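*Asks:* Have a peek at query.tsv (TSV, N, CA, C and O atoms).
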```tsv
chain	number	residue	atom	x	y	z
A	1	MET	N	1.41	-23.13	-17.38
A	1	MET	CA	1.29	-23.01	-18.85
A	1	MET	C	0.58	-21.72	-19.28
A	1	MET	O	0.86	-21.21	-20.35
A	2	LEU	N	-0.37	-21.24	-18.47
A	2	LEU	CA	-1.36	-20.25	-18.84
A	2	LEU	C	-1.49	-19.26	-17.69
A	2	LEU	O	-1.11	-19.58	-16.56
A	3	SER	N	-2.09	-18.11	-17.98
A	3	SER	CA	-2.57	-17.14	-17.01
A	3	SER	C	-3.84	-16.58	-17.65
A	3	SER	O	-3.75	-15.87	-18.65
A	4	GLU	N	-5.00	-16.99	-17.14
A	4	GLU	CA	-6.30	-16.57	-17.63
A	4	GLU	C	-6.97	-15.81	-16.50
A	4	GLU	O	-7.06	-16.29	-15.37
A	5	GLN	N	-7.38	-14.58	-16.79
A	5	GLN	CA	-7.87	-13.66	-15.78
A	5	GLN	C	-9.33	-13.92	-15.48
A	5	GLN	O	-10.04	-14.54	-16.26
A	6	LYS	N	-9.78	-13.43	-14.32
A	6	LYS	CA	-11.12	-13.68	-13.82
A	6	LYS	C	-11.66	-12.44	-13.14
A	6	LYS	O	-10.91	-11.62	-12.59
A	7	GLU	N	-12.98	-12.35	-13.19
A	7	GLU	CA	-13.82	-11.43	-12.46
A	7	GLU	C	-14.06	-12.05	-11.08
A	7	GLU	O	-14.37	-13.24	-10.98
A	8	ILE	N	-13.92	-11.24	-10.03
A	8	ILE	CA	-14.51	-11.53	-8.73
A	8	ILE	C	-15.57	-10.46	-8.51
A	8	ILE	O	-15.40	-9.33	-8.97
A	9	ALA	N	-16.63	-10.82	-7.79
A	9	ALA	CA	-17.72	-9.93	-7.40
A	9	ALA	C	-18.01	-10.21	-5.93
A	9	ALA	O	-18.20	-11.36	-5.57
A	10	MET	N	-17.98	-9.17	-5.09
A	10	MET	CA	-18.01	-9.35	-3.64
A	10	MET	C	-18.54	-8.07	-2.98
A	10	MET	O	-18.65	-7.04	-3.64
A	11	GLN	N	-18.87	-8.13	-1.69
A	11	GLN	CA	-19.56	-7.05	-0.99
A	11	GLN	C	-18.52	-6.28	-0.20
A	11	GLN	O	-17.50	-6.85	0.20
A	12	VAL	N	-18.76	-4.99	0.02
A	12	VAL	CA	-17.87	-4.15	0.80
A	12	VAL	C	-18.63	-3.62	2.00
A	12	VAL	O	-19.86	-3.56	1.98
A	13	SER	N	-17.90	-3.26	3.06
A	13	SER	CA	-18.44	-2.65	4.25
A	13	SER	C	-17.88	-1.23	4.35
A	13	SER	O	-16.70	-1.03	4.05
A	14	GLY	N	-18.69	-0.26	4.78
A	14	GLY	CA	-18.21	1.07	5.13
A	14	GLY	C	-18.40	2.11	4.02
A	14	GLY	O	-18.33	3.31	4.30
A	15	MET	N	-18.64	1.69	2.77
A	15	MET	CA	-18.98	2.60	1.68
A	15	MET	C	-20.13	3.53	2.09
A	15	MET	O	-21.20	3.06	2.48
A	16	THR	N	-19.95	4.85	1.96
A	16	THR	CA	-21.00	5.83	2.17
A	16	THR	C	-21.32	6.51	0.83
A	16	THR	O	-21.36	7.73	0.74
A	17	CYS	N	-21.54	5.69	-0.20
A	17	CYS	CA	-21.88	6.12	-1.55
A	17	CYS	C	-20.86	7.17	-2.04
A	17	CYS	O	-19.68	6.94	-1.82
A	18	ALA	N	-21.27	8.27	-2.68
A	18	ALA	CA	-20.42	9.38	-3.12
A	18	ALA	C	-19.00	8.95	-3.53
A	18	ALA	O	-18.01	9.42	-2.97
A	19	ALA	N	-18.91	8.03	-4.50
A	19	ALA	CA	-17.66	7.54	-5.08
A	19	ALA	C	-16.69	6.91	-4.07
A	19	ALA	O	-15.50	6.77	-4.35
A	20	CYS	N	-17.18	6.48	-2.90
A	20	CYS	CA	-16.34	5.92	-1.85
A	20	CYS	C	-15.83	4.56	-2.30
A	20	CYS	O	-14.63	4.36	-2.47
A	21	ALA	N	-16.75	3.63	-2.56
A	21	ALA	CA	-16.38	2.31	-3.07
A	21	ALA	C	-15.63	2.42	-4.40
A	21	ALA	O	-14.72	1.64	-4.67
A	22	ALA	N	-15.99	3.41	-5.22
A	22	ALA	CA	-15.24	3.69	-6.43
A	22	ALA	C	-13.78	3.99	-6.09
A	22	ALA	O	-12.89	3.42	-6.71
A	23	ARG	N	-13.51	4.88	-5.12
A	23	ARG	CA	-12.16	5.13	-4.64
A	23	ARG	C	-11.50	3.83	-4.18
A	23	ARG	O	-10.37	3.54	-4.60
A	24	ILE	N	-12.18	3.04	-3.33
A	24	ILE	CA	-11.66	1.76	-2.85
A	24	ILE	C	-11.13	0.96	-4.04
A	24	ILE	O	-9.94	0.64	-4.11
A	25	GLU	N	-12.01	0.65	-4.98
A	25	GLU	CA	-11.66	-0.28	-6.03
A	25	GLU	C	-10.67	0.35	-7.01
A	25	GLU	O	-9.81	-0.33	-7.56
A	26	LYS	N	-10.78	1.66	-7.27
A	26	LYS	CA	-9.80	2.37	-8.07
A	26	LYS	C	-8.40	2.23	-7.46
A	26	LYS	O	-7.42	2.11	-8.20
A	27	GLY	N	-8.31	2.20	-6.13
A	27	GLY	CA	-7.10	1.78	-5.45
A	27	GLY	C	-6.63	0.42	-5.98
A	27	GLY	O	-5.48	0.27	-6.39
A	28	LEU	N	-7.52	-0.57	-6.03
A	28	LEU	CA	-7.16	-1.88	-6.56
A	28	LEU	C	-6.82	-1.85	-8.04
A	28	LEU	O	-5.97	-2.62	-8.47
A	29	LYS	N	-7.42	-0.95	-8.83
A	29	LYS	CA	-7.01	-0.75	-10.22
A	29	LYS	C	-5.52	-0.37	-10.33
A	29	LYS	O	-4.93	-0.50	-11.40
A	30	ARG	N	-4.88	0.09	-9.24
A	30	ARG	CA	-3.43	0.28	-9.23
A	30	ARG	C	-2.62	-1.02	-9.03
A	30	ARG	O	-1.41	-1.00	-9.25
A	31	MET	N	-3.22	-2.13	-8.60
A	31	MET	CA	-2.45	-3.32	-8.22
A	31	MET	C	-1.96	-4.11	-9.44
A	31	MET	O	-2.73	-4.37	-10.37
A	32	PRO	N	-0.68	-4.55	-9.46
A	32	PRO	CA	-0.10	-5.26	-10.59
A	32	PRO	C	-0.79	-6.61	-10.80
A	32	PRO	O	-0.54	-7.56	-10.07
A	33	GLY	N	-1.67	-6.67	-11.81
A	33	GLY	CA	-2.36	-7.87	-12.27
A	33	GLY	C	-3.86	-7.63	-12.32
A	33	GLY	O	-4.59	-8.44	-12.88
A	34	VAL	N	-4.34	-6.51	-11.77
A	34	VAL	CA	-5.69	-6.03	-12.06
A	34	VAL	C	-5.79	-5.64	-13.53
A	34	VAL	O	-4.79	-5.30	-14.17
A	35	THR	N	-7.01	-5.66	-14.07
A	35	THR	CA	-7.32	-5.08	-15.37
A	35	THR	C	-8.36	-3.98	-15.17
A	35	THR	O	-8.10	-2.83	-15.51
A	36	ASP	N	-9.53	-4.33	-14.61
A	36	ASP	CA	-10.58	-3.34	-14.43
A	36	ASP	C	-11.41	-3.54	-13.17
A	36	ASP	O	-11.44	-4.63	-12.61
A	37	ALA	N	-12.06	-2.46	-12.72
A	37	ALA	CA	-12.82	-2.36	-11.48
A	37	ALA	C	-14.16	-1.68	-11.77
A	37	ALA	O	-14.18	-0.63	-12.41
A	38	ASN	N	-15.27	-2.28	-11.32
A	38	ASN	CA	-16.63	-1.86	-11.63
A	38	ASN	C	-17.47	-1.95	-10.36
A	38	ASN	O	-17.73	-3.04	-9.86
A	39	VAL	N	-17.88	-0.80	-9.82
A	39	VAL	CA	-18.64	-0.71	-8.58
A	39	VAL	C	-20.14	-0.90	-8.85
A	39	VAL	O	-20.66	-0.40	-9.85
A	40	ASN	N	-20.82	-1.62	-7.96
A	40	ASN	CA	-22.25	-1.92	-8.01
A	40	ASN	C	-22.92	-1.64	-6.66
A	40	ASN	O	-23.41	-2.55	-5.98
A	41	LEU	N	-22.99	-0.37	-6.28
A	41	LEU	CA	-23.62	0.03	-5.03
A	41	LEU	C	-25.13	-0.16	-5.05
A	41	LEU	O	-25.73	-0.30	-3.99
A	42	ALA	N	-25.73	-0.28	-6.23
A	42	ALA	CA	-27.12	-0.70	-6.35
A	42	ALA	C	-27.32	-2.10	-5.74
A	42	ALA	O	-28.45	-2.50	-5.49
A	43	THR	N	-26.22	-2.83	-5.52
A	43	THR	CA	-26.23	-4.11	-4.84
A	43	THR	C	-25.16	-4.12	-3.73
A	43	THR	O	-24.74	-5.20	-3.32
A	44	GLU	N	-24.70	-2.96	-3.25
A	44	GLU	CA	-23.68	-2.86	-2.21
A	44	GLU	C	-22.48	-3.77	-2.47
A	44	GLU	O	-21.92	-4.37	-1.55
A	45	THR	N	-22.09	-3.89	-3.75
A	45	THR	CA	-21.17	-4.89	-4.24
A	45	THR	C	-20.19	-4.20	-5.17
A	45	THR	O	-20.49	-3.14	-5.72
A	46	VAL	N	-19.02	-4.80	-5.36
A	46	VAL	CA	-18.06	-4.37	-6.35
A	46	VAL	C	-17.52	-5.58	-7.08
A	46	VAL	O	-17.42	-6.66	-6.49
A	47	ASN	N	-17.24	-5.40	-8.37
A	47	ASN	CA	-16.66	-6.41	-9.24
A	47	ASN	C	-15.30	-5.92	-9.69
A	47	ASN	O	-15.17	-4.76	-10.07
A	48	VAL	N	-14.29	-6.79	-9.68
A	48	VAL	CA	-12.96	-6.44	-10.17
A	48	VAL	C	-12.39	-7.64	-10.92
A	48	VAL	O	-12.57	-8.78	-10.51
A	49	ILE	N	-11.74	-7.35	-12.06
A	49	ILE	CA	-11.13	-8.32	-12.95
A	49	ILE	C	-9.63	-8.26	-12.72
A	49	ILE	O	-9.04	-7.17	-12.77
A	50	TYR	N	-9.01	-9.42	-12.49
A	50	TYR	CA	-7.58	-9.52	-12.26
A	50	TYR	C	-7.06	-10.87	-12.71
A	50	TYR	O	-7.83	-11.79	-12.96
A	51	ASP	N	-5.73	-10.98	-12.76
A	51	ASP	CA	-5.03	-12.19	-13.12
A	51	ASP	C	-4.51	-12.90	-11.87
A	51	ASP	O	-3.65	-12.33	-11.18
A	52	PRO	N	-4.96	-14.14	-11.59
A	52	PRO	CA	-4.59	-14.90	-10.40
A	52	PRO	C	-3.12	-15.33	-10.36
A	52	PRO	O	-2.74	-16.08	-9.46
A	53	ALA	N	-2.28	-14.86	-11.29
A	53	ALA	CA	-0.85	-15.14	-11.25
A	53	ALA	C	-0.18	-14.14	-10.31
A	53	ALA	O	0.60	-14.50	-9.44
A	54	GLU	N	-0.51	-12.86	-10.53
A	54	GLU	CA	0.05	-11.72	-9.83
A	54	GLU	C	-0.89	-11.24	-8.73
A	54	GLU	O	-0.48	-10.94	-7.61
A	55	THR	N	-2.17	-11.12	-9.09
A	55	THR	CA	-3.26	-10.55	-8.33
A	55	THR	C	-4.34	-11.52	-7.89
A	55	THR	O	-4.96	-12.17	-8.72
A	56	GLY	N	-4.69	-11.50	-6.61
A	56	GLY	CA	-5.97	-12.03	-6.20
A	56	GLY	C	-6.42	-11.43	-4.89
A	56	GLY	O	-5.74	-10.57	-4.31
A	57	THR	N	-7.58	-11.91	-4.43
A	57	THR	CA	-8.26	-11.56	-3.20
A	57	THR	C	-7.26	-11.39	-2.05
A	57	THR	O	-7.34	-10.42	-1.30
A	58	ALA	N	-6.26	-12.27	-1.97
A	58	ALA	CA	-5.15	-12.17	-1.03
A	58	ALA	C	-4.55	-10.76	-0.95
A	58	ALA	O	-4.49	-10.16	0.13
A	59	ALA	N	-4.08	-10.24	-2.08
A	59	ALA	CA	-3.44	-8.93	-2.15
A	59	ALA	C	-4.51	-7.86	-1.98
A	59	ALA	O	-4.30	-6.81	-1.37
A	60	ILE	N	-5.66	-8.15	-2.58
A	60	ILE	CA	-6.79	-7.26	-2.61
A	60	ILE	C	-7.25	-6.89	-1.19
A	60	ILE	O	-7.21	-5.71	-0.87
A	61	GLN	N	-7.60	-7.85	-0.32
A	61	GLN	CA	-7.95	-7.56	1.07
A	61	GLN	C	-6.90	-6.64	1.70
A	61	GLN	O	-7.24	-5.59	2.23
A	62	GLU	N	-5.63	-7.04	1.61
A	62	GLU	CA	-4.50	-6.25	2.08
A	62	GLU	C	-4.62	-4.77	1.73
A	62	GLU	O	-4.56	-3.90	2.59
A	63	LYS	N	-4.80	-4.47	0.44
A	63	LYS	CA	-4.96	-3.09	0.05
A	63	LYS	C	-6.30	-2.52	0.52
A	63	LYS	O	-6.30	-1.41	1.04
A	64	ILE	N	-7.41	-3.24	0.36
A	64	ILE	CA	-8.73	-2.78	0.77
A	64	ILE	C	-8.67	-2.27	2.22
A	64	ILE	O	-9.16	-1.18	2.53
A	65	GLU	N	-8.05	-3.04	3.11
A	65	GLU	CA	-7.85	-2.66	4.50
A	65	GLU	C	-7.18	-1.28	4.58
A	65	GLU	O	-7.63	-0.39	5.29
A	66	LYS	N	-6.13	-1.08	3.79
A	66	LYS	CA	-5.38	0.17	3.76
A	66	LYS	C	-6.17	1.32	3.15
A	66	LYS	O	-6.03	2.46	3.59
A	67	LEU	N	-7.00	1.03	2.14
A	67	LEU	CA	-7.99	1.98	1.64
A	67	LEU	C	-8.92	2.44	2.77
A	67	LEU	O	-9.53	3.50	2.64
A	68	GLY	N	-9.01	1.69	3.87
A	68	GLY	CA	-9.70	2.10	5.08
A	68	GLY	C	-11.10	1.50	5.14
A	68	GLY	O	-12.00	2.11	5.72
A	69	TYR	N	-11.29	0.33	4.53
A	69	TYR	CA	-12.56	-0.38	4.53
A	69	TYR	C	-12.25	-1.86	4.66
A	69	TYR	O	-11.08	-2.22	4.56
A	70	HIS	N	-13.25	-2.72	4.83
A	70	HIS	CA	-13.04	-4.15	4.76
A	70	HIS	C	-14.05	-4.74	3.77
A	70	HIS	O	-15.24	-4.41	3.81
A	71	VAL	N	-13.53	-5.55	2.86
A	71	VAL	CA	-14.31	-6.32	1.90
A	71	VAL	C	-14.70	-7.66	2.53
A	71	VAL	O	-13.97	-8.17	3.37
A	72	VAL	N	-15.84	-8.22	2.12
A	72	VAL	CA	-16.29	-9.53	2.56
A	72	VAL	C	-16.32	-10.48	1.36
A	72	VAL	O	-17.17	-10.36	0.48
A	73	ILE	N	-15.45	-11.49	1.38
A	73	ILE	CA	-15.52	-12.61	0.47
A	73	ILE	C	-16.54	-13.59	1.06
A	73	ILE	O	-16.18	-14.68	1.52
A	74	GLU	N	-17.80	-13.18	1.06
A	74	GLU	CA	-18.93	-14.09	1.22
A	74	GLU	C	-19.60	-14.21	-0.14
A	74	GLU	O	-19.42	-13.35	-0.99
A	75	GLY	N	-20.36	-15.29	-0.33
A	75	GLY	CA	-21.01	-15.63	-1.59
A	75	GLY	C	-20.44	-16.94	-2.10
A	75	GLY	O	-21.04	-17.99	-1.91
A	76	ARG	N	-19.27	-16.88	-2.74
A	76	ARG	CA	-18.55	-18.00	-3.31
A	76	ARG	C	-17.20	-17.42	-3.75
A	76	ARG	O	-16.97	-16.24	-3.41
```
Translate the structure of the given file into structure tokens.

*Replies:*
Amino acid sequence: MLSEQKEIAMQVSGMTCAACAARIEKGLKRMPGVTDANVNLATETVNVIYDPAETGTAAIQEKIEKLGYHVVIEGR
């Protein structure tokens, strides 16, 4: 009936500051069903908003790997 989008917030591995994680997530800003990407290296974390119809963690890991890093869906 609906498609209501959500924020995920999760930790990344391999970021060496200097817009690295920004590049990672900006990669995800290209994925069909993302809306926005917001890096939080002050907490070694990144937040990304997407629609679970087209986009989720599933596709996201896939691309993150190709960006040349691995994200950790630890937390919740």

*Asks:* Could you check how far atom O of residue 11 (chain A) sits from atom C of residue 55 (chain A), in Å to one decimal?

*Replies:* 16.1 Å

*Asks:* Could you give me, as a ChimeraX atom specification, the residues within 8 Å of region 63-66 of chain A, counting all atoms listed in the file and dropping anything in the same chain fewer than 2 positions from it?

*Replies:* /A:13,24-25,27-28,56-61,68-71

*Asks:* Report the distance between CA of residue 21 (chain A) and CA of residue 50 (chain A) in Å, rounded to one decimal place.

*Replies:*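 Taking CA of residue 21 (chain A) and CA of residue 50 (chain A), their separation equals 17.4 Å.
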
*Asks:* Taking (-20.3, -1.8, 0.0) in the file's coordinates as the center, which residues reach within 8 Å of it, counting all atoms listed in the file, put as a compact mmCIF listing (two decimals) with N, CA, C and O atoms, in the frame of the given file?

*Replies:*
```txt
# COMPACT_ATOMS: atom_id res chain seq x y z
N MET A 10 -17.98 -9.17 -5.09
CA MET A 10 -18.01 -9.35 -3.64
C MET A 10 -18.54 -8.07 -2.98
O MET A 10 -18.65 -7.04 -3.64
N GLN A 11 -18.87 -8.13 -1.69
CA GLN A 11 -19.56 -7.05 -0.99
C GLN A 11 -18.52 -6.28 -0.20
O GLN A 11 -17.50 -6.85 0.20
N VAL A 12 -18.76 -4.99 0.02
CA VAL A 12 -17.87 -4.15 0.80
C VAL A 12 -18.63 -3.62 2.00
O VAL A 12 -19.86 -3.56 1.98
N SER A 13 -17.90 -3.26 3.06
CA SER A 13 -18.44 -2.65 4.25
C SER A 13 -17.88 -1.23 4.35
O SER A 13 -16.70 -1.03 4.05
N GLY A 14 -18.69 -0.26 4.78
CA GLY A 14 -18.21 1.07 5.13
C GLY A 14 -18.40 2.11 4.02
O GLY A 14 -18.33 3.31 4.30
N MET A 15 -18.64 1.69 2.77
CA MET A 15 -18.98 2.60 1.68
C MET A 15 -20.13 3.53 2.09
O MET A 15 -21.20 3.06 2.48
N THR A 16 -19.95 4.85 1.96
CA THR A 16 -21.00 5.83 2.17
C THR A 16 -21.32 6.51 0.83
O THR A 16 -21.36 7.73 0.74
N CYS A 17 -21.54 5.69 -0.20
CA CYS A 17 -21.88 6.12 -1.55
C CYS A 17 -20.86 7.17 -2.04
O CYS A 17 -19.68 6.94 -1.82
N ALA A 21 -16.75 3.63 -2.56
CA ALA A 21 -16.38 2.31 -3.07
C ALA A 21 -15.63 2.42 -4.40
O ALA A 21 -14.72 1.64 -4.67
N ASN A 40 -20.82 -1.62 -7.96
CA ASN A 40 -22.25 -1.92 -8.01
C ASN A 40 -22.92 -1.64 -6.66
O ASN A 40 -23.41 -2.55 -5.98
N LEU A 41 -22.99 -0.37 -6.28
CA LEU A 41 -23.62 0.03 -5.03
C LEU A 41 -25.13 -0.16 -5.05
O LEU A 41 -25.73 -0.30 -3.99
N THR A 43 -26.22 -2.83 -5.52
CA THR A 43 -26.23 -4.11 -4.84
C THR A 43 -25.16 -4.12 -3.73
O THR A 43 -24.74 -5.20 -3.32
N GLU A 44 -24.70 -2.96 -3.25
CA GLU A 44 -23.68 -2.86 -2.21
C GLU A 44 -22.48 -3.77 -2.47
O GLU A 44 -21.92 -4.37 -1.55
N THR A 45 -22.09 -3.89 -3.75
CA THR A 45 -21.17 -4.89 -4.24
C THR A 45 -20.19 -4.20 -5.17
O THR A 45 -20.49 -3.14 -5.72
N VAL A 46 -19.02 -4.80 -5.36
CA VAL A 46 -18.06 -4.37 -6.35
C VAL A 46 -17.52 -5.58 -7.08
O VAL A 46 -17.42 -6.66 -6.49
N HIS A 70 -13.25 -2.72 4.83
CA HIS A 70 -13.04 -4.15 4.76
C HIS A 70 -14.05 -4.74 3.77
O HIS A 70 -15.24 -4.41 3.81
N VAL A 71 -13.53 -5.55 2.86
CA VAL A 71 -14.31 -6.32 1.90
C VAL A 71 -14.70 -7.66 2.53
O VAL A 71 -13.97 -8.17 3.37
```

*Asks:* Between CA of residue 20 (chain A) and CA of residue 53 (chain A), what is the distance in Å, rounded to a tenth?

*Replies:* 27.8 Å

*Asks:* Between A:72, A:34, A:39, A:22, which has the minimum distance to residue 52 (chain A) (counting only C-alpha atoms)?

*Replies:*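 Closest to residue 52 (chain A), using only C-alpha atoms: A:34.
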
*Asks:* Considering only C-alpha atoms, can you say which of A:7, A:54, A:18, A:73 comes closest to residue 36 (chain A)?

*Replies:*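 Answer, going by the shortest atom-to-atom distance: A:7.
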
*Asks:* Just list as a ChimeraX atom specification whatever in chain A DSSP marks as alpha helix (DSSP H).

*Replies:* /A:20-28,57-67

*Asks:* Each side padded by 8 Å, which centre and which edge lengths in Å (one decimal) define the axis-aligned box around the listed atoms of region 35-52 of chain A? Give them as AutoDock Vina command-line options.

*Replies:*
```
--center_x -15.6 --center_y -8.0 --center_z -8.5 --size_x 41.7 --size_y 32.1 --size_z 30.0
```

*Asks:* From a backbone DSSP assignment, name each residue in chain A labelled strand (DSSP E), as a PyMOL selection string.

*Replies:* chain A and resi 6-13+34-40+45-50+70-72

*Asks:* Would you save the residues of that selection, restricted to N, CA, C and O atoms, as an mmCIF file, in the frame of the given file?

*Replies:*
```cif
data_model
loop_
_atom_site.group_PDB
_atom_site.id
_atom_site.type_symbol
_atom_site.label_atom_id
_atom_site.label_comp_id
_atom_site.auth_asym_id
_atom_site.auth_seq_id
_atom_site.Cartn_x
_atom_site.Cartn_y
_atom_site.Cartn_z
ATOM 1 N N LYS A 6 -9.780 -13.430 -14.320
ATOM 2 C CA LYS A 6 -11.120 -13.680 -13.820
ATOM 3 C C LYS A 6 -11.660 -12.440 -13.140
ATOM 4 O O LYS A 6 -10.910 -11.620 -12.590
ATOM 5 N N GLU A 7 -12.980 -12.350 -13.190
ATOM 6 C CA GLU A 7 -13.820 -11.430 -12.460
ATOM 7 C C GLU A 7 -14.060 -12.050 -11.080
ATOM 8 O O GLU A 7 -14.370 -13.240 -10.980
ATOM 9 N N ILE A 8 -13.920 -11.240 -10.030
ATOM 10 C CA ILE A 8 -14.510 -11.530 -8.730
ATOM 11 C C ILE A 8 -15.570 -10.460 -8.510
ATOM 12 O O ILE A 8 -15.400 -9.330 -8.970
ATOM 13 N N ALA A 9 -16.630 -10.820 -7.790
ATOM 14 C CA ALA A 9 -17.720 -9.930 -7.400
ATOM 15 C C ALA A 9 -18.010 -10.210 -5.930
ATOM 16 O O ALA A 9 -18.200 -11.360 -5.570
ATOM 17 N N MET A 10 -17.980 -9.170 -5.090
ATOM 18 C CA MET A 10 -18.010 -9.350 -3.640
ATOM 19 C C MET A 10 -18.540 -8.070 -2.980
ATOM 20 O O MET A 10 -18.650 -7.040 -3.640
ATOM 21 N N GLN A 11 -18.870 -8.130 -1.690
ATOM 22 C CA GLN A 11 -19.560 -7.050 -0.990
ATOM 23 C C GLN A 11 -18.520 -6.280 -0.200
ATOM 24 O O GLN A 11 -17.500 -6.850 0.200
ATOM 25 N N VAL A 12 -18.760 -4.990 0.020
ATOM 26 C CA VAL A 12 -17.870 -4.150 0.800
ATOM 27 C C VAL A 12 -18.630 -3.620 2.000
ATOM 28 O O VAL A 12 -19.860 -3.560 1.980
ATOM 29 N N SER A 13 -17.900 -3.260 3.060
ATOM 30 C CA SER A 13 -18.440 -2.650 4.250
ATOM 31 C C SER A 13 -17.880 -1.230 4.350
ATOM 32 O O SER A 13 -16.700 -1.030 4.050
ATOM 33 N N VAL A 34 -4.340 -6.510 -11.770
ATOM 34 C CA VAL A 34 -5.690 -6.030 -12.060
ATOM 35 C C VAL A 34 -5.790 -5.640 -13.530
ATOM 36 O O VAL A 34 -4.790 -5.300 -14.170
ATOM 37 N N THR A 35 -7.010 -5.660 -14.070
ATOM 38 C CA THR A 35 -7.320 -5.080 -15.370
ATOM 39 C C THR A 35 -8.360 -3.980 -15.170
ATOM 40 O O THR A 35 -8.100 -2.830 -15.510
ATOM 41 N N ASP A 36 -9.530 -4.330 -14.610
ATOM 42 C CA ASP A 36 -10.580 -3.340 -14.430
ATOM 43 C C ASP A 36 -11.410 -3.540 -13.170
ATOM 44 O O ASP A 36 -11.440 -4.630 -12.610
ATOM 45 N N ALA A 37 -12.060 -2.460 -12.720
ATOM 46 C CA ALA A 37 -12.820 -2.360 -11.480
ATOM 47 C C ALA A 37 -14.160 -1.680 -11.770
ATOM 48 O O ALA A 37 -14.180 -0.630 -12.410
ATOM 49 N N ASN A 38 -15.270 -2.280 -11.320
ATOM 50 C CA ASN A 38 -16.630 -1.860 -11.630
ATOM 51 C C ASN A 38 -17.470 -1.950 -10.360
ATOM 52 O O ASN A 38 -17.730 -3.040 -9.860
ATOM 53 N N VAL A 39 -17.880 -0.800 -9.820
ATOM 54 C CA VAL A 39 -18.640 -0.710 -8.580
ATOM 55 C C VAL A 39 -20.140 -0.900 -8.850
ATOM 56 O O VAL A 39 -20.660 -0.400 -9.850
ATOM 57 N N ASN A 40 -20.820 -1.620 -7.960
ATOM 58 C CA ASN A 40 -22.250 -1.920 -8.010
ATOM 59 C C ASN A 40 -22.920 -1.640 -6.660
ATOM 60 O O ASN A 40 -23.410 -2.550 -5.980
ATOM 61 N N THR A 45 -22.090 -3.890 -3.750
ATOM 62 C CA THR A 45 -21.170 -4.890 -4.240
ATOM 63 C C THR A 45 -20.190 -4.200 -5.170
ATOM 64 O O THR A 45 -20.490 -3.140 -5.720
ATOM 65 N N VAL A 46 -19.020 -4.800 -5.360
ATOM 66 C CA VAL A 46 -18.060 -4.370 -6.350
ATOM 67 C C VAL A 46 -17.520 -5.580 -7.080
ATOM 68 O O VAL A 46 -17.420 -6.660 -6.490
ATOM 69 N N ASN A 47 -17.240 -5.400 -8.370
ATOM 70 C CA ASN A 47 -16.660 -6.410 -9.240
ATOM 71 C C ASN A 47 -15.300 -5.920 -9.690
ATOM 72 O O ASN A 47 -15.170 -4.760 -10.070
ATOM 73 N N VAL A 48 -14.290 -6.790 -9.680
ATOM 74 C CA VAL A 48 -12.960 -6.440 -10.170
ATOM 75 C C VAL A 48 -12.390 -7.640 -10.920
ATOM 76 O O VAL A 48 -12.570 -8.780 -10.510
ATOM 77 N N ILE A 49 -11.740 -7.350 -12.060
ATOM 78 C CA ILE A 49 -11.130 -8.320 -12.950
ATOM 79 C C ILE A 49 -9.630 -8.260 -12.720
ATOM 80 O O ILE A 49 -9.040 -7.170 -12.770
ATOM 81 N N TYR A 50 -9.010 -9.420 -12.490
ATOM 82 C CA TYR A 50 -7.580 -9.520 -12.260
ATOM 83 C C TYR A 50 -7.060 -10.870 -12.710
ATOM 84 O O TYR A 50 -7.830 -11.790 -12.960
ATOM 85 N N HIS A 70 -13.250 -2.720 4.830
ATOM 86 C CA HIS A 70 -13.040 -4.150 4.760
ATOM 87 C C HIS A 70 -14.050 -4.740 3.770
ATOM 88 O O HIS A 70 -15.240 -4.410 3.810
ATOM 89 N N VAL A 71 -13.530 -5.550 2.860
ATOM 90 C CA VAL A 71 -14.310 -6.320 1.900
ATOM 91 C C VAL A 71 -14.700 -7.660 2.530
ATOM 92 O O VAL A 71 -13.970 -8.170 3.370
ATOM 93 N N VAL A 72 -15.840 -8.220 2.120
ATOM 94 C CA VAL A 72 -16.290 -9.530 2.560
ATOM 95 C C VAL A 72 -16.320 -10.480 1.360
ATOM 96 O O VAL A 72 -17.170 -10.360 0.480
#
```

*Asks:* Counting only C-alpha atoms, which residues sit no farther than 12 Å from the position (-9.4, -4.9, -18.8) in the file's frame? I'd like them as a list in words.

*Replies:*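 Counting only C-alpha atoms, I find these residues within 12 Å of (-9.4, -4.9, -18.8): residues 5, 6, 7, 29, 33, 34, 35, 36, 37, 38, 48, 49, 50 and 51 of chain A.
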